[PDB]
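Take a look at the structure set out below.
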Amino acid sequence: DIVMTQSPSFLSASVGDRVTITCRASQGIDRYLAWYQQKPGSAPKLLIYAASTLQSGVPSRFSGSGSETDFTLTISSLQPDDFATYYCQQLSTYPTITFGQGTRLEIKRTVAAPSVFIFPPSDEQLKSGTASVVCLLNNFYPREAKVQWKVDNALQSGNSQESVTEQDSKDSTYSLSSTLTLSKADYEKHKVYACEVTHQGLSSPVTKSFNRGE
Amino acid sequence: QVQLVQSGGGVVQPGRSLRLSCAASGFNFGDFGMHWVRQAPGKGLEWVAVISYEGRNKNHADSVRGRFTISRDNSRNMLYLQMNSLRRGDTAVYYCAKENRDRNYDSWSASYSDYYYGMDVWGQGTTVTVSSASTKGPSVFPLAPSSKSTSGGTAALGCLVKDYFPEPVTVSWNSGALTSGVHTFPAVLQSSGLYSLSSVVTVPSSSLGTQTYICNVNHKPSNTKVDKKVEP
Amino acid sequence: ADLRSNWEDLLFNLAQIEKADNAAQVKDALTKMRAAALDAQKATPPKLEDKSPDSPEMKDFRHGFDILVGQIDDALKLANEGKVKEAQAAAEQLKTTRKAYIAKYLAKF
């Protein structure tokens with residue numbers, strides 16, 4: 001099947017910026033390409049079809065172009081309503097249809113350092129055979145943030161799951177939770193557990209850490 | 001009003017089957033091809049199937065062919081997706097969608113007007129969760145305001161909502177009154193098959209001795225409610 | 001059959017040919033395309049209702065289906081000989097022929 005590759009996957013912009021999103025087809029699809037907008041919790045919305053035709057009701061600041069294998073979608077001057085994920089869709093091989101992987105458009109703002117907190121396992125949870133350590137990175141920007149868990153200066157992977165909020169309504173920052181899970185037999189096998197955080201807004205990586213009995 | 005209203009879905013175990021429905025109104029249903037499209041948790045749109053205006057011609061994506069069957073009943077303005085041999089990878093929100101006709105064309109004109117011009121009207125989406133897990137209420141542990149959950153001006157505290165199924169839970173803090181500086185994170189699916197999340201709030205170091213903070217968790221699929229208060 | 005149903009038989013069955021892994025699927029799809037093409041060849045497309053059967057457009061319409069059926073029959077003979085991928089390759093030209101010879105006569109009026 002034809003592969004649609006959108007670029008970039010993520011980009012930041014401010015209200016009033018001119019924004020360009022590209023899609024690239026693994027082979028020629030003439031002009032049979034459509035663009036969609038999707039916000040979380042809602043269905044996609046058709047913006048453009050036949051590569052350049054504006055669906056009725058879509059504001060004129062959206063526009064599309066391209067032929068054969070290279071296509072772009074342009075927003076002349078952003079509005080707050082336009083922060084969303086955008087998908088291209090090729091229909092040249094109808095009735096086989098394929099989508100691009102999407103491009104998320106986010107609000108740009110100034111670098112904001114994460115305020116980092118760590119929480120020890122509450123021992124109601126201890127009495128039930130497993131321990132979870134949680135590290136919180138509050139209200140940071142940009143999204144790119146590296147979190148590494150040190151247990152007694154020995155670092156891990158394959159043992160940690162993380163989650164991120166969406167860009168905040170008020171201040172356009174992100175927050176991130178990293179949860180480290182162990183069987184409590186191994187939880188007090190060891191001694192120190194550290195949450196090391198790398199971020200653009202921190203001069204040097206920050207590690208806030210606990211010890212069993214902290 | 002041109003619209004598609006979906007019904008069906010829910011939690012279904014692997015290898016079993018489910019039927020999605022999509023009721024259309026406000027347009028000539030039997031003049032348009034119809035599609036199913038799905039979106040797995042946190043991922044992009046994936047095209048699933050299409051059926052011709054008449055129901056005589058259809059096609060399905062490689063990933064569902066032989067297990068999913070699109071169909072329609074024009075006399076009842078109904079579109080169906082019959083899903084058999086369900087796999088955990090089929091967990092998704094499923095959308096039905098009407099084929100768009102190019103606006104220069106009032107009626108069918110083969111490839112000038114139909115097929116190649118996207119999908120203009122979408123249903124509201126139906127969640128399908130394929131899991132062997134059983135309905136279980138969460139366990140709720142505090143994230144106590146430490147002396148390391150410190151900023152010198154504002155403290156952070158929260159609640160760990162561990163091990164529940166299925167989605168969703170709801171979290172409030174002291175029953176609706178505290179809403180500034182709240183962050184409830186998206187649930188993550190554990191290898192266990194159950195979900196878990198954390199909710200946190202940042203408060204002034206001032207209020208750790210003058211106001212109480214309780215998180216109210218609610219998991220309606222299990223009818224379990226827990227109000228667990230968070231202090232040092 | 002309705003002209004739209006015949007048109008859609010040529011569209012949807014090309015996908016069945018491209019995804020096939022055995023001869024039976026290819027011949028079943030080619031056989032439906034043949035019947036759709038012969039039935040549509042008997043029709044009067046809506047933009048040609050003012051025209052005599054001896055007009056260049058009507059002759060052009062009817063004979064474009066002759067080109068298509070000839071090409072369908074070449075693919076079909078390969079599929080009957082068990083040459084699946086040769087038959088699949090030969091079926092790729094059907095979309096080109098359909099656009100170049102038939103599509104324009106389906107525009108409204």
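The way I read the labels, and the way they are meant: chains A, B, ... in the order of the structure tokens, residue 1 as the first residue of every chain, and ligand 1 as the first ligand shown, with later ones counted on from there.
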
Show which residues sit within 9 Å of residue 128 (chain B), as a list in words. Count only C-alpha atoms, and ignore same-chain residues fewer than 4 positions away. residues 8, 9, 10, 11, 12, 18, 90, 91, 92, 93 and 94 of chain B

Residues of chain C were defined as contacting chain B if any atom lay at most 10 Å from it, counting only C-alpha atoms; please report them as a ChimeraX atom specification. /C:3-5,7-9,11-13,15-16,19,46,99,103-109

Selection file, C-alpha atoms, as a PDB file, in the first residue's frame:
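For reference, result-v8.pdb as written:
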ATOM      1  CA  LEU C   3     -24.200   2.408 -14.807  1.00  0.00           C
ATOM      2  CA  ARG C   4     -22.837   3.354 -11.359  1.00  0.00           C
ATOM      3  CA  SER C   5     -22.880  -0.289 -10.258  1.00  0.00           C
ATOM      4  CA  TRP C   7     -18.492   1.544 -12.902  1.00  0.00           C
ATOM      5  CA  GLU C   8     -17.929   0.506  -9.296  1.00  0.00           C
ATOM      6  CA  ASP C   9     -17.461  -3.140 -10.341  1.00  0.00           C
ATOM      7  CA  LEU C  11     -13.070   0.022  -9.450  1.00  0.00           C
ATOM      8  CA  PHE C  12     -13.477  -2.361  -6.517  1.00  0.00           C
ATOM      9  CA  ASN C  13     -12.443  -5.528  -8.352  1.00  0.00           C
ATOM     10  CA  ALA C  15      -8.244  -4.075  -5.521  1.00  0.00           C
ATOM     11  CA  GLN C  16      -9.332  -7.710  -5.264  1.00  0.00           C
ATOM     12  CA  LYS C  19      -4.395  -8.362  -3.140  1.00  0.00           C
ATOM     13  CA  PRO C  46     -26.352  10.546 -19.652  1.00  0.00           C
ATOM     14  CA  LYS C  99      -9.637   6.694 -17.418  1.00  0.00           C
ATOM     15  CA  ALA C 103     -14.461   8.210 -17.725  1.00  0.00           C
ATOM     16  CA  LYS C 104     -15.224  11.357 -19.725  1.00  0.00           C
ATOM     17  CA  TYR C 105     -18.596   9.976 -20.837  1.00  0.00           C
ATOM     18  CA  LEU C 106     -19.817   9.710 -17.240  1.00  0.00           C
ATOM     19  CA  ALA C 107     -19.741  13.450 -16.557  1.00  0.00           C
ATOM     20  CA  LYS C 108     -23.181  14.795 -15.712  1.00  0.00           C
ATOM     21  CA  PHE C 109     -25.764  16.390 -18.074  1.00  0.00           C
TER      22      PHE C 109
END

What are the closest atom pairs, with distances in Å to one decimal, for all residues of chain A lying within 9 Å of chain C? Consider only C-alpha atoms, order rows by chain and residue number, and present the result as CSV.
residue,atom,partner,partner_atom,distance
A:93,CA,C:15,CA,8.2
A:94,CA,C:11,CA,7.5
A:95,CA,C:12,CA,6.1
A:96,CA,C:15,CA,7.2

Go ahead and write the residues just picked, N, CA, C and O atoms, as a PDB file, in the first residue's frame.
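Result file follows (again39.pdb):
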ATOM      1  N   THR A  93      -5.500   5.162  -4.738  1.00  0.00           N
ATOM      2  CA  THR A  93      -5.654   3.719  -4.859  1.00  0.00           C
ATOM      3  C   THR A  93      -7.041   3.235  -4.447  1.00  0.00           C
ATOM      4  O   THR A  93      -7.201   2.050  -4.118  1.00  0.00           O
ATOM      5  N   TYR A  94      -8.034   4.121  -4.437  1.00  0.00           N
ATOM      6  CA  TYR A  94      -9.396   3.771  -4.047  1.00  0.00           C
ATOM      7  C   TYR A  94      -9.792   2.459  -4.711  1.00  0.00           C
ATOM      8  O   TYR A  94      -9.504   2.270  -5.899  1.00  0.00           O
ATOM      9  N   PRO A  95     -10.425   1.517  -3.989  1.00  0.00           N
ATOM     10  CA  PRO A  95     -10.928   1.576  -2.612  1.00  0.00           C
ATOM     11  C   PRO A  95      -9.925   1.217  -1.514  1.00  0.00           C
ATOM     12  O   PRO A  95     -10.354   0.804  -0.436  1.00  0.00           O
ATOM     13  N   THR A  96      -8.626   1.346  -1.769  1.00  0.00           N
ATOM     14  CA  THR A  96      -7.623   1.264  -0.713  1.00  0.00           C
ATOM     15  C   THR A  96      -7.166   2.678  -0.376  1.00  0.00           C
ATOM     16  O   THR A  96      -6.646   3.384  -1.246  1.00  0.00           O
TER      17      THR A  96
END

Give me, as a ChimeraX atom specification, the residues of chain A that a backbone DSSP run labels strand (DSSP E or B). /A:4-7,10-13,19-25,33-38,45-49,53-54,62-67,70-75,85-90,98-99,103-107,112,115-119,130-141,145-151,154-155,160-164,174-183,192-199,206-211

Each residue of chain B lying at most 9 Å from chain A should get a row with its shortest atom-to-atom pair and the distance in Å to one decimal, counting only C-alpha atoms; could you produce that, ordered by chain and increasing number, as JSON lines?
{"residue": "B:43", "atom": "CA", "partner": "A:101", "partner_atom": "CA", "distance": 8.1}
{"residue": "B:44", "atom": "CA", "partner": "A:101", "partner_atom": "CA", "distance": 5.6}
{"residue": "B:45", "atom": "CA", "partner": "A:99", "partner_atom": "CA", "distance": 6.6}
{"residue": "B:46", "atom": "CA", "partner": "A:99", "partner_atom": "CA", "distance": 6.5}
{"residue": "B:47", "atom": "CA", "partner": "A:98", "partner_atom": "CA", "distance": 6.2}
{"residue": "B:48", "atom": "CA", "partner": "A:97", "partner_atom": "CA", "distance": 8.6}
{"residue": "B:49", "atom": "CA", "partner": "A:96", "partner_atom": "CA", "distance": 8.4}
{"residue": "B:50", "atom": "CA", "partner": "A:95", "partner_atom": "CA", "distance": 7.0}
{"residue": "B:51", "atom": "CA", "partner": "A:95", "partner_atom": "CA", "distance": 8.9}
{"residue": "B:58", "atom": "CA", "partner": "A:95", "partner_atom": "CA", "distance": 8.0}
{"residue": "B:59", "atom": "CA", "partner": "A:95", "partner_atom": "CA", "distance": 6.4}
{"residue": "B:60", "atom": "CA", "partner": "A:96", "partner_atom": "CA", "distance": 7.8}
{"residue": "B:61", "atom": "CA", "partner": "A:96", "partner_atom": "CA", "distance": 7.2}
{"residue": "B:95", "atom": "CA", "partner": "A:43", "partner_atom": "CA", "distance": 7.5}
{"residue": "B:102", "atom": "CA", "partner": "A:49", "partner_atom": "CA", "distance": 8.3}
{"residue": "B:103", "atom": "CA", "partner": "A:55", "partner_atom": "CA", "distance": 8.2}
{"residue": "B:115", "atom": "CA", "partner": "A:94", "partner_atom": "CA", "distance": 6.8}
{"residue": "B:116", "atom": "CA", "partner": "A:91", "partner_atom": "CA", "distance": 5.3}
{"residue": "B:117", "atom": "CA", "partner": "A:49", "partner_atom": "CA", "distance": 5.2}
{"residue": "B:118", "atom": "CA", "partner": "A:34", "partner_atom": "CA", "distance": 5.7}
{"residue": "B:119", "atom": "CA", "partner": "A:46", "partner_atom": "CA", "distance": 6.6}
{"residue": "B:120", "atom": "CA", "partner": "A:46", "partner_atom": "CA", "distance": 5.7}
{"residue": "B:121", "atom": "CA", "partner": "A:45", "partner_atom": "CA", "distance": 7.9}
{"residue": "B:122", "atom": "CA", "partner": "A:43", "partner_atom": "CA", "distance": 6.4}
{"residue": "B:123", "atom": "CA", "partner": "A:43", "partner_atom": "CA", "distance": 7.1}
{"residue": "B:124", "atom": "CA", "partner": "A:43", "partner_atom": "CA", "distance": 6.1}
{"residue": "B:125", "atom": "CA", "partner": "A:43", "partner_atom": "CA", "distance": 6.9}
{"residue": "B:139", "atom": "CA", "partner": "A:125", "partner_atom": "CA", "distance": 8.6}
{"residue": "B:140", "atom": "CA", "partner": "A:125", "partner_atom": "CA", "distance": 8.9}
{"residue": "B:141", "atom": "CA", "partner": "A:122", "partner_atom": "CA", "distance": 6.5}
{"residue": "B:142", "atom": "CA", "partner": "A:122", "partner_atom": "CA", "distance": 6.6}
{"residue": "B:143", "atom": "CA", "partner": "A:119", "partner_atom": "CA", "distance": 5.9}
{"residue": "B:144", "atom": "CA", "partner": "A:119", "partner_atom": "CA", "distance": 7.0}
{"residue": "B:145", "atom": "CA", "partner": "A:119", "partner_atom": "CA", "distance": 8.0}
{"residue": "B:146", "atom": "CA", "partner": "A:119", "partner_atom": "CA", "distance": 7.3}
{"residue": "B:148", "atom": "CA", "partner": "A:117", "partner_atom": "CA", "distance": 6.7}
{"residue": "B:149", "atom": "CA", "partner": "A:117", "partner_atom": "CA", "distance": 5.0}
{"residue": "B:150", "atom": "CA", "partner": "A:117", "partner_atom": "CA", "distance": 7.4}
{"residue": "B:151", "atom": "CA", "partner": "A:115", "partner_atom": "CA", "distance": 7.8}
{"residue": "B:156", "atom": "CA", "partner": "A:117", "partner_atom": "CA", "distance": 7.3}
{"residue": "B:157", "atom": "CA", "partner": "A:119", "partner_atom": "CA", "distance": 8.6}
{"residue": "B:160", "atom": "CA", "partner": "A:134", "partner_atom": "CA", "distance": 8.8}
{"residue": "B:183", "atom": "CA", "partner": "A:165", "partner_atom": "CA", "distance": 7.4}
{"residue": "B:184", "atom": "CA", "partner": "A:165", "partner_atom": "CA", "distance": 7.6}
{"residue": "B:185", "atom": "CA", "partner": "A:165", "partner_atom": "CA", "distance": 5.6}
{"residue": "B:186", "atom": "CA", "partner": "A:163", "partner_atom": "CA", "distance": 6.3}
{"residue": "B:187", "atom": "CA", "partner": "A:163", "partner_atom": "CA", "distance": 7.5}
{"residue": "B:188", "atom": "CA", "partner": "A:163", "partner_atom": "CA", "distance": 7.0}
{"residue": "B:190", "atom": "CA", "partner": "A:161", "partner_atom": "CA", "distance": 8.3}
{"residue": "B:197", "atom": "CA", "partner": "A:163", "partner_atom": "CA", "distance": 8.3}
{"residue": "B:198", "atom": "CA", "partner": "A:177", "partner_atom": "CA", "distance": 7.5}
{"residue": "B:200", "atom": "CA", "partner": "A:136", "partner_atom": "CA", "distance": 8.6}
{"residue": "B:202", "atom": "CA", "partner": "A:138", "partner_atom": "CA", "distance": 8.8}

Same residues, N, CA and C atoms, output as a compact mmCIF listing (two decimals), in the first residue's frame:
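The resulting file, out-v8.txt, is reproduced below:
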# COMPACT_ATOMS: atom_id res chain seq x y z
N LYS B 43 -2.57 7.19 18.99
CA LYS B 43 -1.98 6.99 17.67
C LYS B 43 -2.81 7.70 16.61
N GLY B 44 -2.44 7.50 15.35
CA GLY B 44 -3.07 8.21 14.26
C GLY B 44 -4.30 7.49 13.72
N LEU B 45 -4.91 8.10 12.72
CA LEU B 45 -6.06 7.50 12.05
C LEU B 45 -5.63 6.33 11.17
N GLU B 46 -6.42 5.26 11.18
CA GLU B 46 -6.17 4.09 10.34
C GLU B 46 -7.46 3.73 9.62
N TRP B 47 -7.39 3.70 8.29
CA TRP B 47 -8.55 3.36 7.48
C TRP B 47 -8.86 1.86 7.57
N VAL B 48 -10.14 1.53 7.73
CA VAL B 48 -10.58 0.17 8.04
C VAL B 48 -11.34 -0.47 6.87
N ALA B 49 -12.39 0.19 6.36
CA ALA B 49 -13.24 -0.43 5.34
C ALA B 49 -14.11 0.61 4.65
N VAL B 50 -14.62 0.23 3.46
CA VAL B 50 -15.52 1.05 2.66
C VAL B 50 -16.57 0.14 2.03
N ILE B 51 -17.77 0.69 1.79
CA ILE B 51 -18.82 -0.04 1.09
C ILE B 51 -19.51 0.89 0.09
N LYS B 58 -17.36 -3.88 -1.71
CA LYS B 58 -16.71 -3.49 -0.47
C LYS B 58 -15.23 -3.87 -0.51
N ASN B 59 -14.49 -3.33 0.46
CA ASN B 59 -13.05 -3.55 0.57
C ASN B 59 -12.65 -3.28 2.02
N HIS B 60 -11.63 -4.01 2.49
CA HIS B 60 -11.16 -3.91 3.87
C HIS B 60 -9.64 -3.82 3.90
N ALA B 61 -9.11 -3.13 4.92
CA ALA B 61 -7.67 -3.04 5.10
C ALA B 61 -7.07 -4.42 5.35
N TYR B 95 -14.70 5.24 14.01
CA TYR B 95 -15.55 6.27 13.41
C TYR B 95 -16.16 5.74 12.12
N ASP B 102 -17.41 16.00 -4.49
CA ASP B 102 -16.83 17.28 -4.88
C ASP B 102 -17.94 18.29 -5.11
N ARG B 103 -17.75 19.51 -4.59
CA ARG B 103 -18.83 20.50 -4.52
C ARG B 103 -19.28 21.03 -5.88
N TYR B 115 -15.53 9.26 -4.62
CA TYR B 115 -14.42 8.35 -4.31
C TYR B 115 -13.14 9.06 -3.88
N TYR B 116 -12.73 10.11 -4.58
CA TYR B 116 -11.37 10.63 -4.46
C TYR B 116 -11.26 11.92 -3.65
N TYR B 117 -12.30 12.28 -2.89
CA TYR B 117 -12.40 13.64 -2.39
C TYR B 117 -12.61 13.67 -0.88
N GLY B 118 -12.19 12.60 -0.19
CA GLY B 118 -12.22 12.58 1.26
C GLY B 118 -13.56 12.17 1.82
N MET B 119 -13.71 12.43 3.12
CA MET B 119 -14.91 12.08 3.87
C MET B 119 -15.36 13.30 4.65
N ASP B 120 -16.58 13.77 4.39
CA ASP B 120 -17.02 15.06 4.92
C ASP B 120 -17.80 14.97 6.22
N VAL B 121 -18.50 13.88 6.50
CA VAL B 121 -19.32 13.79 7.71
C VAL B 121 -18.89 12.57 8.51
N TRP B 122 -18.67 12.76 9.81
CA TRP B 122 -18.11 11.72 10.66
C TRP B 122 -19.04 11.46 11.84
N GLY B 123 -19.17 10.19 12.23
CA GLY B 123 -19.83 9.89 13.48
C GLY B 123 -19.02 10.40 14.66
N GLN B 124 -19.61 10.28 15.85
CA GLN B 124 -18.97 10.79 17.05
C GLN B 124 -17.95 9.82 17.63
N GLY B 125 -17.87 8.60 17.12
CA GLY B 125 -16.88 7.65 17.59
C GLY B 125 -17.41 6.67 18.61
N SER B 139 -7.30 1.01 43.52
CA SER B 139 -6.73 1.31 44.82
C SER B 139 -6.17 2.73 44.78
N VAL B 140 -6.41 3.49 45.85
CA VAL B 140 -6.08 4.91 45.90
C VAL B 140 -5.12 5.14 47.06
N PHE B 141 -3.87 5.48 46.74
CA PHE B 141 -2.81 5.80 47.68
C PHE B 141 -2.46 7.28 47.61
N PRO B 142 -2.05 7.89 48.72
CA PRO B 142 -1.70 9.31 48.70
C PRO B 142 -0.30 9.54 48.15
N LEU B 143 -0.11 10.73 47.60
CA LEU B 143 1.21 11.26 47.25
C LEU B 143 1.46 12.41 48.22
N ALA B 144 2.02 12.08 49.38
CA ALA B 144 2.03 12.99 50.51
C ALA B 144 2.98 14.17 50.26
N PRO B 145 2.58 15.39 50.64
CA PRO B 145 3.49 16.54 50.54
C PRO B 145 4.71 16.38 51.42
N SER B 146 5.84 16.01 50.82
CA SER B 146 7.07 15.79 51.55
C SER B 146 7.73 17.12 51.91
N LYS B 148 10.52 17.26 50.50
CA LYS B 148 11.16 17.30 49.19
C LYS B 148 10.18 17.60 48.07
N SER B 149 8.88 17.57 48.34
CA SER B 149 7.87 18.14 47.45
C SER B 149 7.73 19.64 47.71
N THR B 150 8.88 20.30 47.77
CA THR B 150 9.03 21.66 48.27
C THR B 150 9.43 22.60 47.14
N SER B 151 8.93 23.84 47.19
CA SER B 151 9.46 24.94 46.39
C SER B 151 9.83 26.14 47.24
N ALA B 156 3.58 20.42 46.41
CA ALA B 156 2.88 19.52 45.50
C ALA B 156 2.46 18.25 46.24
N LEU B 157 1.23 17.80 45.98
CA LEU B 157 0.66 16.62 46.61
C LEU B 157 -0.35 16.01 45.66
N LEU B 160 -2.44 8.53 43.96
CA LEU B 160 -2.12 7.48 43.01
C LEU B 160 -3.30 6.52 42.89
N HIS B 183 -3.49 18.83 38.04
CA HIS B 183 -3.06 18.03 36.89
C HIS B 183 -3.41 16.57 37.15
N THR B 184 -4.41 16.06 36.43
CA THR B 184 -4.71 14.63 36.42
C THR B 184 -4.15 14.05 35.13
N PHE B 185 -3.29 13.04 35.25
CA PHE B 185 -2.56 12.53 34.09
C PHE B 185 -3.39 11.49 33.35
N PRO B 186 -3.14 11.33 32.05
CA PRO B 186 -3.78 10.22 31.32
C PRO B 186 -3.36 8.88 31.90
N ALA B 187 -4.33 7.97 32.00
CA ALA B 187 -4.04 6.62 32.46
C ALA B 187 -3.08 5.91 31.52
N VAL B 188 -2.25 5.05 32.09
CA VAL B 188 -1.38 4.15 31.34
C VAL B 188 -1.86 2.73 31.55
N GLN B 190 -1.09 -0.96 32.17
CA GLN B 190 -0.01 -1.80 32.66
C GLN B 190 0.00 -3.15 31.95
N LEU B 197 -3.21 5.83 37.05
CA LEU B 197 -2.86 7.22 36.81
C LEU B 197 -2.54 7.89 38.13
N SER B 198 -2.03 9.12 38.03
CA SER B 198 -1.82 9.99 39.17
C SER B 198 -2.52 11.32 38.92
N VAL B 200 -2.32 15.24 40.68
CA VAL B 200 -1.52 16.06 41.58
C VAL B 200 -2.05 17.49 41.55
N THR B 202 -0.57 21.58 43.06
CA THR B 202 0.42 22.39 43.76
C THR B 202 -0.29 23.46 44.57

So which one's closest to residue 25 (chain C), C:90, C:98, C:84, C:42? Using only C-alpha atoms, please. C:84

Let me make sure I understand: among A:109, A:143, A:189, A:150, which one has the smallest atom-to-atom distance to residue 13 (chain A) if we use only C-alpha atoms?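 When distances to residue 13 (chain A) are compared using only C-alpha atoms, the smallest one comes from A:109.
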
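Near residue 63 (chain C), within a cut-off of 10 Å and counting only C-alpha atoms, sit the residues residues 41, 57, 69, 101 and 102 of chain C, with same-chain residues fewer than 6 positions away left out.
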
Writing out the chosen residues with C-alpha atoms as a CSV table (one decimal), in the first residue's frame:
chain,number,residue,atom,x,y,z
C,41,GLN,CA,-21.2,-1.0,-23.3
C,57,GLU,CA,-19.0,9.9,-29.4
C,69,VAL,CA,-12.8,-6.1,-22.7
C,101,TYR,CA,-11.4,5.8,-22.8
C,102,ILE,CA,-14.5,5.7,-20.6

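When only C-alpha atoms are used to compute distances to residue 127 (chain A), the closest of the residues A:185, A:112, A:75, A:195 turns out to be A:185.
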
Which residues are near residue 81 (chain C)? Cut-off 12 Å, only C-alpha atoms, ignore same chain within fewer than 5 positions. Put them as a CSV table (one decimal) with N, CA, C and O atoms, in the first residue's frame.
chain,number,residue,atom,x,y,z
C,22,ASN,N,-4.0,-16.2,-5.2
C,22,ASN,CA,-4.2,-17.4,-5.9
C,22,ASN,C,-5.0,-17.1,-7.2
C,22,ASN,O,-5.6,-16.0,-7.3
C,23,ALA,N,-5.0,-18.0,-8.1
C,23,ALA,CA,-5.6,-17.7,-9.4
C,23,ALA,C,-7.1,-17.5,-9.4
C,23,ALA,O,-7.7,-16.7,-10.1
C,24,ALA,N,-7.7,-18.3,-8.5
C,24,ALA,CA,-9.2,-18.3,-8.4
C,24,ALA,C,-9.7,-16.9,-8.1
C,24,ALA,O,-10.6,-16.4,-8.8
C,26,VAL,N,-8.2,-14.1,-8.8
C,26,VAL,CA,-8.0,-13.2,-9.9
C,26,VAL,C,-9.1,-13.4,-11.0
C,26,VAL,O,-9.6,-12.5,-11.5
C,27,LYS,N,-9.4,-14.7,-11.3
C,27,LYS,CA,-10.3,-15.0,-12.4
C,27,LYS,C,-11.7,-14.5,-11.9
C,27,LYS,O,-12.5,-14.0,-12.8
C,74,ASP,N,-7.1,-10.7,-22.0
C,74,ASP,CA,-5.7,-11.0,-21.9
C,74,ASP,C,-5.3,-11.4,-20.5
C,74,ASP,O,-4.6,-12.4,-20.3
C,75,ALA,N,-5.7,-10.6,-19.5
C,75,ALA,CA,-5.4,-10.9,-18.1
C,75,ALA,C,-6.1,-12.3,-17.8
C,75,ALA,O,-5.5,-13.1,-17.1
C,76,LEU,N,-7.3,-12.4,-18.2
C,76,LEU,CA,-8.1,-13.6,-17.9
C,76,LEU,C,-7.4,-14.9,-18.4
C,76,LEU,O,-7.4,-15.9,-17.7
C,86,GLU,N,1.7,-12.5,-13.4
C,86,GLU,CA,1.5,-12.0,-14.8
C,86,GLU,C,0.1,-11.5,-15.0
C,86,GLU,O,0.0,-10.4,-15.6
C,87,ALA,N,-0.9,-12.2,-14.5
C,87,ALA,CA,-2.3,-11.7,-14.6
C,87,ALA,C,-2.4,-10.4,-13.8
C,87,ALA,O,-3.1,-9.5,-14.3

When DSSP works through the backbone of this structure, what residues of chain C end up as alpha helix (DSSP H), shown as a PyMOL selection string? chain C and resi 3-18+23-41+56-80+84-91+93-101
